[PDB]
Structures are given as structure tokens and as C-alpha cells.
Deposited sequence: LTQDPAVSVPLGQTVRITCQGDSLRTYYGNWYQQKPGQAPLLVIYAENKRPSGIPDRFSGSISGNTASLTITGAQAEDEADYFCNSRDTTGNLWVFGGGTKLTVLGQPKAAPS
């Protein structure tokens, strides 16, 4: 029995608040599963931002708090009652 498991809960950036400009170049997010085997530019853009009044009375955030049961072959997830 051979198996190759990759569990990633978030491949990304996790924020409660972002004010401003975000220049982002993230070419690859592609899982390549193989059993037998970027000149992109962000250029000359103008970004003008002004936040004068902001009130954020927010409640709690729950990001990437997983409860999974992952693997290969026999996987029993959650409150599996087995007899």
C-alpha cells in the first residue's frame, strides 16, 4: 500500500481587514498528480485611495479551522461509531 497525501487548508492569504493597493502575481496554484512521468507584468497603473470615516464594529472571524479526516485507502471521518 503506497499513497501520497497533501492536505492544505488554505493556499492563500487570510486577513480580517485590508485597506490599500495590492499588486499580486501568483502564477501557480495547480496540484499536478502524475503516477508515471510567466512574463506577465503589472505596469504604469495609478491607484488613488482615501478612507476618511471608517467604523468597523465586527464580530469574530473563524478562518481555516478545519475538522477533516483525509488520507488514502481506509478513512473514517467525524464521530464514526464503529463496532
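- Residues of the deposited sequence lacking C-alpha coordinates, counted from 1, fall in the stretches 1-9, 47-57, 104-113.
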